[PDB]
Structure formats: structure tokens, C-alpha cells
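Report on the structure given below.
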Number of protein chains: 4
Amino acid sequence: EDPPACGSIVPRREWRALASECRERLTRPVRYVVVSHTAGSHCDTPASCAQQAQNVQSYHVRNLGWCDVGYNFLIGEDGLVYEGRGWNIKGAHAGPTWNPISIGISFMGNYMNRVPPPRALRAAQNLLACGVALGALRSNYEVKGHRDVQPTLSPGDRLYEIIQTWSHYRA
Amino acid sequence: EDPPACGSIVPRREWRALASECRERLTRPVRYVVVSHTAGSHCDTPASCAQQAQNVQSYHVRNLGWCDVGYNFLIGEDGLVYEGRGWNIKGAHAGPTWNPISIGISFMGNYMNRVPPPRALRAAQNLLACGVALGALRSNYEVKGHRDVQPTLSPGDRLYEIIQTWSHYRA
Amino acid sequence: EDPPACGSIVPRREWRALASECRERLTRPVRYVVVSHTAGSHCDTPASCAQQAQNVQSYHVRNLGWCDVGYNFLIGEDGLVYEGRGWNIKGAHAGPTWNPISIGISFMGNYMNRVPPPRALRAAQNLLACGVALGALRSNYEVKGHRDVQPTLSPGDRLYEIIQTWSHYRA
Amino acid sequence: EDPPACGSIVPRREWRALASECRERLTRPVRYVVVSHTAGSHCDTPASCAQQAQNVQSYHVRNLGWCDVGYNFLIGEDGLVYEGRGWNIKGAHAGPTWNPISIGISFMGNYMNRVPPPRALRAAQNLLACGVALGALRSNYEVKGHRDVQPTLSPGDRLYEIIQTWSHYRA
């Protein structure tokens, strides 16, 4: 358990992630959930997606210098949700104006002309569900697309195309 | 009326199962969950396990002439749960004295001397978790080994050896 | 084979018992008998008792959500023995360590400051005789006080005094 | 700011308990608390209760054969909490289904027709506030009546009426 029914999340110890060092904490009942993409390479197997998460964190830790991978959760097309900063550590993912008031979830890969498979979309929503259930996400949580809050191309034309569908998407 | 953060399941319409011919139902809160293996080939990709599902369902349908895949849910080493007969229909999985009062989930593989991967064990636990939230299983469901309800090595020595540690395993 | 009759037990059928869902079994011969009371309200007629018998059961299956009334037999001031889980299925009456190895007869009522009418005593002391002849009980079974194996006042204070008198009472 | 600030519990070695013999560990945060009552004699002086506490202990330890006073914490009408088997050791107080996912606090006495003094009602609540501040009790724990999970009158018809009023009582 991770208390309630938390839609199968892969713990850090499992994708061989480097120890975090982030100390800033999210004031908890979070309201917004910004959705993005990594614009990087994608993976369709648990093995390649654990090697892929690794690739993203190392770039964030070793190269850019941050305390840990900046997303709170990474979603692979292997239908699995990878753990990042978790439901409590404020993540660096949408800018200073949004990082402390929202959870950040990123779909691994670049979705300009490519749509993520149903299992990712499913894994994603299922991850939000265990969010409310946990008491980290207000049942009245609002999902904004990365574009919506920053001058950016992500989460890809196609991936942004679908998030507009979600019962919680917002203007 | 009552859905608390269930979990994510791969729909038959995705692993392309055949049409179910079963029309017999399980009476709702179900009290027992029987765990078993298929003593078949494992698979560690959403792709491969979309076939292993079929292999199992067709063997059951085409060769034993059953109305559908035997178990209510199949579980892959890929870390995803495959929908079998689901929470509503009675599956054929552990003798006539046990089939009408239990949910039968089965890890796809011959776990005689092979422990299933963490993500798989995680998949199953979470599945039963959804079970409760959804309301199909009692809050006090009782996970029982296959070999506990009838004469077989199933669900494999090492897999059985592992489920006895589960919070809901019983006598 | 020796018309072993002592059968004069009201059968589940007769007191309108809800169908049991219990399936684990004792092993005959069974060596111990734990005597408890229900600390509940007493009845003294085949009518008012098949009433209480139904009540004690709804409390065990409807409230505590158990697979059936927890005792193996219920004695009534009406002088009759009411079938509970019976001689073969293991009840839920004295805890993890005794439940597996013992039958649990319980007197319907609260014997903290009353002595069960002779009918009840005769009824029970006779019920044991049955267990013996049929084989359910070791010819030399040992009787225990509910409070003997669990922190409680059961089987009542004066009723407790009385059983310590029985031939088969053990330490 | 926010330091331990736990209320105060009488240590084991102050009321003289025998050495504990238990090794089974609770897994914390624990989310359920089951409120029981010894159903025995009350006390109202740090002297009489410290005595009463060991009575209860010998009974569970030498009589029943158990490894230590069944409960995790005993509440005295003297306004003081007596350390039972503590915050992290599995107790024997509500059968095999709850003993491992709950903490067991018992009010020394019998409240079937006697309301516990306010001090008592404040010592037990203060203890709970403590258990949350120490991360022993999940922040959103639920209080259950001993009788809501097992067949018994415990904690007492009036004490039971008292706790249902509680902000965490959730049957």
C-alpha cells in the first residue's frame, strides 16, 4: 500500500533512480494538475521505460543541476506510471507561478504527431484517481495543459488534443 | 453509486478477446479470491501479454468449449491486469464448490520456480484493492491459494510461498 | 451402524437460518469444547428461540460481516440445541488458536447473574454425548470456559462456575 | 512551532508490567483504533490503576498464556494513559482481522451503565492526538467500537454512545 488504491506506481528504487535532494514541500490539498510531455524518446516496454525515466532524471540532476527529476510523475507508453517527486515534493515542471500549487505529470516522448496509447491515458487518469483518494488532490481538482500555463509547445498537439476531453480539463 | 480510485485494467476489446458467451452471474459482494497460475509462457511486454491472454482464452473456448476465458482477470509480468470474466460473471476456475463464491485471478506463467516481478504482484494487489472500492469484493475478502481449494501445484510453489504473506490470506 | 441418534437438534432449516458461506473445516475427531454464552437476551420457547437464533446470526453476518453465526451450536433455555456451523465446519468463537481445533457451543442469554434452567444444561451435556458417538468429539474431549482462552466474562459467571464442575473440564 | 507535544503515558516500568514477550510489529501509520473496555473493576488513583493495570496483565500473560497485556494502551479513570504494548507492537484485542491493522486502547472498568469521567475521555483523546503527531496513526484514522468488529458488549453501551460522537468514529 501507498494507503488507498493507488493505481500501481513504480517506486524510485525500481527504475534505479538517483537519490533525491529536494526539500521544498507542496501545501496539500493540491488543486491543479498540469500535464506535459518530455519531448524525448519514448518506450513501449517496462524495461525500456525504466531506462528512459533514468535518462530524464540524470539530465535533470547531473546536467541542469536540480535536486531531482522535475516531474512529480512520468507516464510511459508501457501502461505504467513512474514515480518522480511523488505527491508531496514540489516539482519543477511548469514555472515559479505553478510549481507550488500543482502536481506535474509528464508523458514520456514527444507527442506533436503521435498520440499516446490508451493504456497511458488510462494509467494517467487512474493515477489521478488514487490522487484524490490519497488526500493529495482535491476531488474538485483542475487539469490544465502545459501550454495553458507557459509559453510552450508541449504536451504535443495530439496529446493536448485529448486532455481537452477529460472531465476535469479547464479553460 | 460508489467508485473510490479503483485501478487500471486492460479491456478485452484491447487484447482482442472473443465475444463472451457466459450469462451466469456471481452474487455481489464476493468473499473469496482464488489465486492461480496458467503454467504457461510468461510475457513482459504489453504486446506479448496481449497474445498470452488470447492463447489462454482461445484454449479455454475453442478446445474445452467454455463460454469464455476461465479466470475473471489475468495478470501479466508486464505489470498490467488483463480483463477476463470480470467482477460480474462467474468464471470456471476452481471446481463447482468454489466457482460460485469466488473471484479467480491468475498470473500468466508457470511460477513453479520463478517469482513474478514486483510490478505484477503490485498489479494484482491493486486489482483486489479496486475490487473493494468498486464494491465487488467484501472489505474483508479472503485471498486463498488455488492448491488450497483443490489438488494442484498451482499457483506455483514460489508464488504461493509469496501470497501467504498477504494481509488477506486465510488458513 | 448402531443408530447413533442424539439428533434432536433444530436444524438451520427449522429456525430460518441465512445460508452460510463458510467452507473451512474442523477435523474429526475434535479434541476440545469451548463453552461460551452470548451475553445476550434469553428465550424459553421453540418460538422465541428460533427468533434469537436468527438474531445472533444477523449480528454476525450482517454487522460483523462474518460467513455465518460464529458458534457450532446454540443452546436455548427452551431446552433445545440449535444447529450453528455444525460438527464439520470450523466456527469463529474463541480465536485463531482454538477455532481450528474445537467446537463452540454457546448458551443464548447472559449468565452473569443467572443459572441456565436444567433444560439447557441437560441439552448441552447431551449434545456432547452426540459428538462422541458420531465421532465429531474425541471420546475424551476437554471442556473449556470461553474466558479460559480469551479475555472475557463469557460464558457468564454462574454458568462458568457450573462447567468447572463437569467431568470433562480441564485446567 | 510543532514539536512532539505528546500528552503523557505511564511507562511500563512504572506500573511494574512483566517483560513483554511479543515480537510482531505493527506497520505505521496505523489507520484504525478499536475502543474496548476491560469490563472489569475501575480505579481512580495513580496507585489503584497502576495496580489494576498489572491485574489485567497477569490475567492475559499467565492465565491465557499470552506475551503481554493484550491492549496497546489502557486508560485509567485517574486521568492517565497506561502503556499497553505500545504504538508499534501488534496487540491481541479484536481477532486476526483487526489486530494487525489497528491500535487497541481499553478503558479500565465496565461502562455498561457507568459513564467514564471526563479526565478519561480526555486522556484517550489526548493519546490519539499524540499518535497522529508521532506519525503512528494515519492522520485520517477511524475509531471503531470493539463491538463493531467482534461479537461482544465491549466497550459498554454508554461508552459506545460516547465515542460515536467522535470526529473519527466511522462505523
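Here chain B follows Swiss-Prot for its numbers: 23-193, in order, are the residues you see.
Structure method, as recorded: X-ray crystallography, 3.2 Å.
Cβ coordinates come from backbone N, Cα and C, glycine included.
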Taking B:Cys44 as one end of a disulfide recorded in Swiss-Prot, give the other end from among B:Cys71, B:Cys89. B:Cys89
Mind checking which of B:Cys28, B:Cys65 has the disulfide with B:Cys152 in Swiss-Prot? B:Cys28
Could you give the number of helix, strand and coil residues in the domain 'N-acetylmuramoyl-L-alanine amidase' (B:50-178) as assigned by DSSP? 40 helix, 30 strand, 59 coil
Which is it, of B:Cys28, B:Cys65, B:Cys71, B:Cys89: the one of these disulfide-bonded residues whose Cβ has the most other Cβ atoms within 10 Å? B:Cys71
If you tally other C-beta atoms within 10 angstroms for each of the disulfide-bonded residues B:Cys44, B:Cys152, the top scorer is B:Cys152
Return one of helix, strand or coil for B:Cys28 (disulfide bond), based on DSSP. coil
Taking only the CA atoms, the spacing between B:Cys28 (disulfide bond) and B:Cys89 (disulfide bond), expressed in whole angstrom, is 27
Roughly how many Å lie between the Cα atoms of B:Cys44 (disulfide bond) and B:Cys65 (disulfide bond), rounded to a whole value? 27
